[PDB]
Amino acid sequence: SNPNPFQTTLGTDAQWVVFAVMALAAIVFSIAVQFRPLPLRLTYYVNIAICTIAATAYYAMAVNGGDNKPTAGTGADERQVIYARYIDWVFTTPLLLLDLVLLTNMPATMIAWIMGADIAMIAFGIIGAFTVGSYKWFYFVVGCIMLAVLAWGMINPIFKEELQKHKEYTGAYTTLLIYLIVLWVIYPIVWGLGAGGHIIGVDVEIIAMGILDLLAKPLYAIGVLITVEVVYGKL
């Protein structure tokens, strides 16, 4: 049990690769937005911020991970805790939701509890990550309920026309949101297996979330940017 409980060069190498891609995406988006009309630029800026924040977090993880600190647990159950990822997520996951919220007429009150659930979700994650013993799973389960809550909120503009900007946006909004929800659900699975259950090692969790992050940030961003460009170009 508790296999490979410390970051090695394998995990470090993976983080440097994700760093490079996040940094490149930020640079590319930053050059692109210069060429686009003003109404589109906020959407580019949101995604520039997301990728810049992720790049910064991966830089920190790649530079410091080999220190093999901090840890949670003792003896045979001791495991490295990589917490920089949560600092990334508490800023980037609301921005990722904002990408889609901007396509809707969600009232402020609604945006508020969606974003609140999102932030709470990340908070429960990092608290759980440092918690030794069975109580970690209370934080985990409530964090999962928060994911359900924010997902429910994001789903409502699909079928509540009073929450829609244009009914014609519904297809793209729906498709992007389902993509998002599918990816986001994998994160607590990785957490439960790694940070929580010590079933998978640290390098493996690093690699899994590196893949998810690439899918959930720059690739997602490209989908959002294509969507707003196509929409704006037609109305």
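Numbering starts at 1 and follows the sequence shown.
For the two regions 202-210 and 66-74, the entry's Cα B-factors average higher over 66-74. Taking the mean C-alpha B-factor of each stretch as recorded, 184-192 and 165-173 are not equal, and the higher mean is that of 165-173.
Per-chain ranking of the deposited C-alpha B factor places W89 in the lowest third. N47: CA B factor in the lowest third of modelled residues in this chain (values from the PDB entry).
For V17, the recorded CA B-factor ranks within the middle third of the chain. Only modelled residues enter the ranking.
Among all modelled residues in its chain, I158 ranks in the highest third by Cα B-factor. In the PDB entry, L10 places in the highest third of its chain by CA B-factor.
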